[PDB]
Structures are given as C-alpha cells and as structure tokens.
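K.L.:
Have a peek at model-v6.cif (mmCIF, C-alpha atoms and all ligand atoms).
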```
data_query
loop_
_atom_site.label_atom_id
_atom_site.label_comp_id
_atom_site.auth_asym_id
_atom_site.auth_seq_id
_atom_site.Cartn_x
_atom_site.Cartn_y
_atom_site.Cartn_z
CA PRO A 1 -46.18 -34.53 -42.33
CA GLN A 2 -47.08 -34.85 -38.68
CA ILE A 3 -43.76 -34.83 -36.75
CA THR A 4 -43.54 -36.20 -33.15
CA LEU A 5 -40.77 -34.89 -30.93
CA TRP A 6 -39.05 -38.06 -29.56
CA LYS A 7 -36.12 -37.00 -31.68
CA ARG A 8 -34.90 -33.67 -33.00
CA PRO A 9 -37.26 -32.53 -35.77
CA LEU A 10 -34.65 -32.50 -38.63
CA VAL A 11 -35.79 -32.15 -42.21
CA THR A 12 -34.11 -31.88 -45.62
CA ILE A 13 -33.71 -28.41 -47.10
CA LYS A 14 -32.42 -27.39 -50.48
CA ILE A 15 -30.78 -24.00 -50.68
CA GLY A 16 -28.38 -22.55 -53.26
CA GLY A 17 -28.27 -25.82 -55.17
CA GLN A 18 -27.18 -27.64 -51.95
CA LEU A 19 -28.82 -30.25 -49.74
CA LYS A 20 -28.74 -29.78 -45.99
CA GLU A 21 -30.45 -30.95 -42.83
CA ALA A 22 -32.14 -28.39 -40.64
CA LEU A 23 -34.06 -28.24 -37.39
CA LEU A 24 -37.69 -27.04 -37.37
CA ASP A 25 -37.50 -24.65 -34.49
CA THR A 26 -40.54 -22.96 -32.90
CA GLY A 27 -38.25 -21.11 -30.45
CA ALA A 28 -36.37 -19.29 -33.22
CA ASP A 29 -37.69 -15.90 -34.50
CA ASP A 30 -35.36 -16.20 -37.52
CA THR A 31 -33.76 -18.78 -39.80
CA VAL A 32 -30.06 -19.28 -39.20
CA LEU A 33 -27.85 -21.47 -41.35
CA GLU A 34 -24.25 -22.52 -40.95
CA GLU A 35 -21.57 -20.80 -43.06
CA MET A 36 -22.23 -21.16 -46.77
CA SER A 37 -21.88 -18.97 -49.85
CA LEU A 38 -25.00 -17.25 -50.98
CA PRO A 39 -25.15 -14.97 -54.00
CA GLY A 40 -26.21 -11.38 -53.28
CA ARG A 41 -25.74 -8.33 -51.08
CA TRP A 42 -26.19 -8.63 -47.29
CA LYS A 43 -26.53 -6.66 -44.04
CA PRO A 44 -24.79 -7.34 -40.70
CA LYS A 45 -27.11 -8.41 -37.90
CA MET A 46 -26.81 -9.68 -34.30
CA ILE A 47 -28.89 -12.51 -32.82
CA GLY A 48 -29.10 -13.73 -29.25
CA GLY A 49 -29.66 -17.00 -27.49
CA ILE A 50 -28.57 -19.07 -24.50
CA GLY A 51 -25.01 -18.02 -23.57
CA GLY A 52 -25.02 -14.81 -25.56
CA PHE A 53 -25.09 -12.99 -28.94
CA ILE A 54 -23.50 -13.83 -32.36
CA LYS A 55 -22.96 -11.75 -35.51
CA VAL A 56 -24.59 -13.08 -38.68
CA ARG A 57 -25.05 -12.10 -42.32
CA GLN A 58 -28.56 -11.34 -43.44
CA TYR A 59 -29.83 -12.27 -46.92
CA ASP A 60 -33.32 -11.32 -48.17
CA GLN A 61 -35.59 -12.96 -50.73
CA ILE A 62 -33.78 -16.29 -50.56
CA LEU A 63 -35.50 -19.38 -52.02
CA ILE A 64 -35.53 -22.43 -49.74
CA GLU A 65 -37.12 -25.80 -50.20
CA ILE A 66 -38.15 -27.29 -46.79
CA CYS A 67 -39.32 -30.86 -47.20
CA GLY A 68 -40.47 -30.21 -50.78
CA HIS A 69 -42.28 -26.97 -49.79
CA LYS A 70 -40.87 -23.81 -51.42
CA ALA A 71 -40.60 -20.63 -49.35
CA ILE A 72 -38.94 -17.25 -50.03
CA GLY A 73 -37.51 -15.37 -47.07
CA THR A 74 -34.77 -13.81 -45.02
CA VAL A 75 -32.08 -16.26 -44.14
CA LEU A 76 -29.25 -15.51 -41.70
CA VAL A 77 -25.84 -17.09 -42.09
CA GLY A 78 -23.20 -17.39 -39.42
CA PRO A 79 -21.50 -19.57 -36.84
CA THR A 80 -24.35 -21.77 -35.65
CA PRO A 81 -23.67 -25.47 -34.91
CA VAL A 82 -26.95 -26.55 -36.49
CA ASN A 83 -29.08 -25.24 -39.34
CA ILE A 84 -32.23 -23.57 -37.91
CA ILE A 85 -35.57 -23.06 -39.64
CA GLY A 86 -37.26 -20.32 -37.59
CA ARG A 87 -40.76 -18.90 -37.46
CA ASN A 88 -40.37 -16.49 -40.39
CA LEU A 89 -40.29 -19.53 -42.69
CA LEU A 90 -42.39 -21.99 -40.64
CA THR A 91 -45.47 -19.71 -41.15
CA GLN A 92 -44.91 -19.80 -44.93
CA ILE A 93 -45.10 -23.57 -45.10
CA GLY A 94 -48.22 -23.62 -42.86
CA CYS A 95 -46.48 -25.23 -39.92
CA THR A 96 -48.53 -25.50 -36.61
CA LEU A 97 -48.01 -27.00 -33.15
CA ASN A 98 -50.73 -29.36 -31.98
CA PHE A 99 -51.56 -30.99 -28.68
CA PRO B 1 -54.97 -26.36 -29.12
CA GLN B 2 -53.62 -25.82 -32.59
CA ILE B 3 -50.99 -23.06 -32.35
CA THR B 4 -49.88 -21.02 -35.45
CA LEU B 5 -46.46 -19.39 -35.44
CA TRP B 6 -47.17 -15.74 -36.44
CA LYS B 7 -46.18 -14.92 -32.89
CA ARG B 8 -44.01 -16.63 -30.31
CA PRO B 9 -45.80 -19.75 -29.05
CA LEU B 10 -46.09 -18.69 -25.35
CA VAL B 11 -48.30 -20.61 -23.00
CA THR B 12 -49.21 -20.48 -19.28
CA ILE B 13 -47.37 -22.95 -17.02
CA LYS B 14 -47.85 -23.54 -13.30
CA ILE B 15 -44.83 -24.76 -11.40
CA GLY B 16 -44.08 -24.69 -7.65
CA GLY B 17 -47.35 -22.89 -6.91
CA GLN B 18 -46.35 -20.12 -9.38
CA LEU B 19 -47.76 -18.96 -12.71
CA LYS B 20 -45.40 -18.28 -15.56
CA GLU B 21 -45.32 -17.88 -19.33
CA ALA B 22 -43.12 -20.23 -21.32
CA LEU B 23 -42.18 -20.78 -24.94
CA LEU B 24 -43.06 -24.13 -26.57
CA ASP B 25 -39.73 -24.84 -28.17
CA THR B 26 -39.14 -27.71 -30.64
CA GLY B 27 -35.44 -26.68 -30.92
CA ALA B 28 -34.78 -27.35 -27.24
CA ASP B 29 -33.70 -30.83 -26.04
CA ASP B 30 -34.43 -29.77 -22.44
CA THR B 31 -36.72 -27.57 -20.39
CA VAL B 32 -35.05 -24.44 -19.05
CA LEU B 33 -36.65 -21.99 -16.64
CA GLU B 34 -35.52 -18.64 -15.32
CA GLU B 35 -34.19 -18.49 -11.74
CA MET B 36 -36.74 -19.65 -9.20
CA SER B 37 -36.70 -21.64 -5.99
CA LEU B 38 -37.54 -25.28 -6.36
CA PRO B 39 -37.66 -27.63 -3.39
CA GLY B 40 -35.26 -30.60 -3.63
CA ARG B 41 -31.72 -31.77 -4.36
CA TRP B 42 -30.07 -30.85 -7.69
CA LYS B 43 -27.16 -31.63 -10.00
CA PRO B 44 -25.00 -29.11 -11.90
CA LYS B 45 -25.33 -29.31 -15.69
CA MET B 46 -24.15 -27.31 -18.73
CA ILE B 47 -26.28 -26.52 -21.77
CA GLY B 48 -25.33 -24.94 -25.05
CA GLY B 49 -26.91 -22.67 -27.59
CA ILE B 50 -26.24 -19.81 -29.96
CA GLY B 51 -23.35 -17.75 -28.55
CA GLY B 52 -22.17 -20.37 -26.07
CA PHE B 53 -22.84 -22.35 -22.94
CA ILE B 54 -24.44 -21.74 -19.55
CA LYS B 55 -24.42 -23.56 -16.20
CA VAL B 56 -27.85 -24.60 -14.88
CA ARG B 57 -29.30 -26.55 -11.98
CA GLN B 58 -31.05 -29.78 -12.79
CA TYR B 59 -34.16 -30.93 -10.91
CA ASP B 60 -35.82 -34.34 -11.51
CA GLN B 61 -39.43 -35.45 -11.14
CA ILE B 62 -40.82 -31.94 -11.09
CA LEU B 63 -44.55 -31.47 -11.67
CA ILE B 64 -45.44 -28.85 -14.25
CA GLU B 65 -48.79 -27.88 -15.66
CA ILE B 66 -48.48 -26.70 -19.32
CA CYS B 67 -51.73 -25.26 -20.52
CA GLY B 68 -53.79 -27.40 -18.15
CA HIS B 69 -51.87 -30.59 -19.07
CA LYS B 70 -49.84 -32.13 -16.22
CA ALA B 71 -46.37 -33.53 -16.90
CA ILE B 72 -43.57 -34.78 -14.59
CA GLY B 73 -39.99 -34.29 -15.67
CA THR B 74 -36.55 -32.87 -15.48
CA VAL B 75 -36.53 -29.13 -15.37
CA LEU B 76 -33.35 -27.05 -15.63
CA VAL B 77 -33.07 -23.72 -13.85
CA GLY B 78 -30.60 -20.99 -14.74
CA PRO B 79 -29.91 -17.65 -16.38
CA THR B 80 -32.18 -17.85 -19.41
CA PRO B 81 -34.02 -14.72 -20.59
CA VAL B 82 -37.17 -16.70 -21.39
CA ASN B 83 -38.78 -19.81 -19.91
CA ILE B 84 -38.35 -22.75 -22.33
CA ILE B 85 -40.50 -25.87 -22.58
CA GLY B 86 -38.26 -28.36 -24.46
CA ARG B 87 -38.89 -31.71 -26.10
CA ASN B 88 -38.58 -33.80 -22.91
CA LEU B 89 -41.92 -32.33 -21.82
CA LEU B 90 -43.52 -31.63 -25.21
CA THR B 91 -43.58 -35.44 -25.85
CA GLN B 92 -45.43 -35.94 -22.55
CA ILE B 93 -48.24 -33.60 -23.49
CA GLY B 94 -48.56 -35.17 -26.97
CA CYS B 95 -47.34 -32.13 -28.84
CA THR B 96 -46.63 -32.53 -32.63
CA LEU B 97 -45.56 -30.30 -35.53
CA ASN B 98 -47.87 -30.33 -38.54
CA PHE B 99 -47.62 -29.00 -42.07
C1 LIG A 101 -31.61 -19.77 -32.69
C2 LIG A 101 -31.63 -18.33 -32.18
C3 LIG A 101 -31.96 -17.39 -33.33
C4 LIG A 101 -32.60 -18.13 -31.01
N1 LIG A 101 -32.61 -16.73 -30.61
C5 LIG A 101 -33.58 -15.85 -30.87
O1 LIG A 101 -34.60 -16.15 -31.47
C6 LIG A 101 -33.31 -14.43 -30.39
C7 LIG A 101 -34.33 -14.04 -29.33
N2 LIG A 101 -33.37 -13.50 -31.50
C8 LIG A 101 -32.68 -12.36 -31.61
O2 LIG A 101 -31.54 -12.18 -31.21
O3 LIG A 101 -33.36 -11.27 -32.26
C9 LIG A 101 -32.75 -10.00 -32.48
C10 LIG A 101 -32.55 -9.21 -31.20
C11 LIG A 101 -31.75 -8.06 -31.22
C12 LIG A 101 -31.54 -7.32 -30.05
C13 LIG A 101 -32.14 -7.74 -28.87
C14 LIG A 101 -32.93 -8.89 -28.84
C15 LIG A 101 -33.14 -9.63 -30.01
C16 LIG A 101 -32.26 -19.02 -29.84
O4 LIG A 101 -31.11 -19.17 -29.48
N3 LIG A 101 -33.30 -19.59 -29.22
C17 LIG A 101 -33.22 -20.52 -28.09
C18 LIG A 101 -33.97 -19.98 -26.86
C19 LIG A 101 -33.47 -18.64 -26.38
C20 LIG A 101 -33.88 -17.46 -27.00
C21 LIG A 101 -33.43 -16.22 -26.55
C22 LIG A 101 -32.57 -16.18 -25.45
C23 LIG A 101 -32.16 -17.37 -24.83
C24 LIG A 101 -32.62 -18.60 -25.29
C25 LIG A 101 -33.89 -21.84 -28.45
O5 LIG A 101 -35.27 -21.55 -28.58
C26 LIG A 101 -33.44 -22.48 -29.76
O6 LIG A 101 -34.42 -23.44 -30.09
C27 LIG A 101 -32.07 -23.16 -29.72
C28 LIG A 101 -31.69 -23.61 -31.14
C29 LIG A 101 -30.39 -24.38 -31.13
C30 LIG A 101 -30.39 -25.78 -31.14
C31 LIG A 101 -29.18 -26.48 -31.13
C32 LIG A 101 -27.97 -25.79 -31.09
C33 LIG A 101 -27.98 -24.39 -31.07
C34 LIG A 101 -29.18 -23.68 -31.09
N4 LIG A 101 -32.02 -24.26 -28.75
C35 LIG A 101 -31.27 -24.24 -27.63
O7 LIG A 101 -30.47 -23.34 -27.40
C36 LIG A 101 -31.46 -25.38 -26.67
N5 LIG A 101 -30.29 -26.23 -26.60
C37 LIG A 101 -30.34 -27.55 -26.82
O8 LIG A 101 -31.40 -28.16 -26.86
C38 LIG A 101 -29.01 -28.24 -27.00
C39 LIG A 101 -28.77 -28.51 -28.47
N6 LIG A 101 -28.85 -29.46 -26.22
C40 LIG A 101 -28.00 -29.48 -25.19
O9 LIG A 101 -27.45 -28.48 -24.78
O10 LIG A 101 -27.74 -30.72 -24.51
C41 LIG A 101 -26.65 -30.90 -23.58
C42 LIG A 101 -25.26 -30.92 -24.20
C43 LIG A 101 -24.13 -30.93 -23.37
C44 LIG A 101 -22.83 -30.96 -23.88
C45 LIG A 101 -22.65 -30.97 -25.26
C46 LIG A 101 -23.75 -30.96 -26.11
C47 LIG A 101 -25.05 -30.94 -25.58
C48 LIG A 101 -31.81 -24.91 -25.24
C49 LIG A 101 -32.95 -23.90 -25.22
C50 LIG A 101 -32.21 -26.07 -24.34
#
```
What does this structure look like when you write it as structure tokens?
P.N.:
Amino acid sequence: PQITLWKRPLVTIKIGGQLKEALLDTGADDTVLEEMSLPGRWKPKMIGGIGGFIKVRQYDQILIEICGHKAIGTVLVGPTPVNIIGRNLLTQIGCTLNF
Amino acid sequence: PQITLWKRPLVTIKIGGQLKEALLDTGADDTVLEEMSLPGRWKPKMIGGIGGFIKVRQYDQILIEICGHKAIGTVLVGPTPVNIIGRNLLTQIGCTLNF
C-alpha cells in the first residue's frame, strides 16, 4: 500500500493469535505494544519519549503479521496508549517514506 | 526523495533564519521543535506521549523549509529532545509511506 498521512497511519496486526490495530511510526526506534500476554522469557528495558521514560518488557524473535506481511523481531510490551510499529520492523516489511 | 528506515529519518529544516535537523515522524499528530525564539503571539498547549505530557507553545502560520520544500503551518515549541516534523506538515509536502 501507499499510505497518505491525513489520518493516523493505523494498520491491522496479528500477534499471538490476536488481532490489533497499530500505528506505523517512523519516529519510533522500537516496536511497543500495549499490555498483552506473550509466551517466552523476557528482559526489562527502559524507553523514552515526550514527557519521560517508561519500563517495558522485551521479547525477542516474536512473529508479527503487519498488513499481511510477516516479520520476526523484538517487540516491547508495556504501558503505551497505542500500539507502535517502530523502525526495527518497518525495515523488514520494506517500508519507505516518499515525497 | 525515497527514505529507507535503517536509520532515523532526519532531514534539514530551515526555520526563522536557522538551520536544524528534524525527524520525519509519522507517529506525531503535530510538529514539535526544541526551544527557539519565534517571532509572534502564541497559545499554551499540552501534548502527550510515552511517559506523559508536556506543555508547549503553539505558533500558527509559521514558514518552514523541509528538505527544500516550503510549508506553512502550526509549529509547537517546547522541551523535546529532538525536533519532530509531524503529520500536519508531512501532508503539505506530499509525504507518503510505502510498502
Ligand atoms: C514510541 C517511543 C518508543 C519513542 N521513543 C524512542 O524511540 C526513544 C528515543 N527510544 C528509547 O528510549 O531508546 C532507548 C534509550 C535508552 C537510554 C537513553 C536513550 C534511549 C517516542 O516516544 N517517540 C516520539 C518522539 C520522541 C522521541 C524521543 C524523545 C522525545 C520524543 C514520537 O516519535 C512517537 O512517534 C510518538 C508515538 C506515540 C503516539 C501516540 C501516543 C503515544 C506515543 N508520538 C508522539 O509522542 C507525538 N504525540 C502525538 O502525536 C499525540 C498522540 N497527539 C497529541 O498529543 O494531541 C493532543 C492531545 C491533547 C490532549 C489529549 C490527547 C491528545 C508527539 C511527538 C507529537
């Protein structure tokens, strides 16, 4: 798809057998999802943004389907108000910005 | 340009006679710049992100050059660690996401 930016670029993701909406986010280094249960071990991690820093759980080698495109990557889980697809996964699906 | 996402999508902007680097950010509703002096009246505004909220100053009808492309828009100024070009201006320069 070619996605204009008049609205928030939300797409459908499938992760852990569940369907969610997520923002395609060129300003995010990492992928950060709201609280959900993922199978596996994890490491604590801190991420920063506007207004400060949150603690998240890091999971590696997680399968995600982003608009029908499969990617495997590190996914962070924690108290974010919106599901974020960051650059670690955007490069895997061949996502570019064009103007 | 076509911009891949292996690194942070930083571009040159010119604003108020000054040269800066700014992130092209599809996850930002608004454009948010580090502290600088802009001529004109302003309105207080709050914006939110990961880790909380911040107070910013809002300026309207500000001329910005993003990579040689001129746009006029609302620019927010406040304590952000990185200059953000958000969707209000990305639509004006015809910027799309593609995969
Ligand atoms: C998502 C995070 C992982 C991301 N942070 C990172 O990538 C950081 C650098 N990573 C990181 O921490 O790496 C490890 C590390 C460790 C030690 C030291 C340094 C780093 C981030 O917050 N990035 C933001 C920019 C930023 C980065 C660093 C520092 C400061 C700011 C936006 O690009 C990012 O796109 C977010 C994503 C997002 C969207 C929606 C909700 C929450 C988060 N958008 C935003 O924060 C934008 N807000 C919005 O667009 C909101 C949604 N609209 C809004 O506020 O409208 C008015 C409103 C008023 C009242 C109620 C509701 C709305 C903002 C830039 C304009």
K.L.:
Starting from chain A, keep only residues with some atom at most 8 Å from an atom of chain B, counting all atoms listed in the file, and report them as a count of residues only.
P.N.:
35
K.L.:
Hey, can you check how far atom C43 of ligand LIG 101 (chain A) sits from CA of residue 12 in chain B?
P.N.:
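Going from atom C43 of ligand LIG 101 (chain A) over to CA of residue 12 in chain B covers 27.5 Å.
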K.L.:
What's around residue 72 in chain A at 9 Å? Count only C-alpha atoms, leave out sequence neighbours fewer than 3 positions away in its own chain, and write the answer as a list in words.
P.N.:
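Returned residues: residues 60, 61, 62, 63, 64, 65, 89 and 92 of chain A.
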K.L.:
Would you compute the distance between atom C50 of ligand LIG 101 (chain A) and CA of residue 33 in chain A? Give it in Å to one decimal.
P.N.:
18.2 Å
K.L.:
Select, from B:19, B:77, B:32, B:71, the residue with the minimum atom-to-atom distance to ligand LIG 101 (chain A), counting all atoms listed in the file.
P.N.:
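So, comparing all the options, the nearest one is B:32.
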K.L.:
If you measure from CA of residue 21 in chain B to CA of residue 74 in chain A, what distance in Å do you get, rounded to one decimal?
P.N.:
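The value is 28.1 Å.
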K.L.:
Quick one: everything within 9 Å of residue 76 in chain A, counting only C-alpha atoms, minus sequence neighbours fewer than 3 positions away in the same chain. Send it as a VMD selection string.
P.N.:
chain A and resid 30 to 34 45 56 to 60
K.L.:
Can you spit out the residues from that selection as a compact mmCIF listing (two decimals), keeping the file's coordinate frame, using C-alpha atoms?
P.N.:
```txt
# COMPACT_ATOMS: atom_id res chain seq x y z
CA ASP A 30 -35.36 -16.20 -37.52
CA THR A 31 -33.76 -18.78 -39.80
CA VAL A 32 -30.06 -19.28 -39.20
CA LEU A 33 -27.85 -21.47 -41.35
CA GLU A 34 -24.25 -22.52 -40.95
CA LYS A 45 -27.11 -8.41 -37.90
CA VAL A 56 -24.59 -13.08 -38.68
CA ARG A 57 -25.05 -12.10 -42.32
CA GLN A 58 -28.56 -11.34 -43.44
CA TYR A 59 -29.83 -12.27 -46.92
CA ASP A 60 -33.32 -11.32 -48.17
```
K.L.:
Would you place a box with edges along x, y and z of the file around all atoms of range 13-17 of chain A listed there, add 4 Å to each of its six sides, and report the centre and edge lengths in Å to one decimal, as JSON?
P.N.:
```
{"center_x": -31.0, "center_y": -25.5, "center_z": -51.1, "size_x": 13.4, "size_y": 13.9, "size_z": 16.1}
```
K.L.:
Near residue 36 in chain A, within 10 Å and counting all atoms listed in the file, which residues show up once chain neighbours fewer than 6 positions away are dropped, as a ChimeraX atom specification?
P.N.:
/A:15-16,18,77-78
K.L.:
Smallest atom-to-atom distance to ligand LIG 101 (chain A): which of A:68, A:73, A:22, A:46, using only C-alpha atoms and all ligand atoms?
P.N.:
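Counting only C-alpha atoms and all ligand atoms, the residue closest to ligand LIG 101 (chain A) is A:46.
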K.L.:
Measuring between all atoms listed in the file, which one of B:75, B:11, B:43, B:66 shows the shortest distance to ligand LIG 101 (chain A)?
P.N.:
B:75
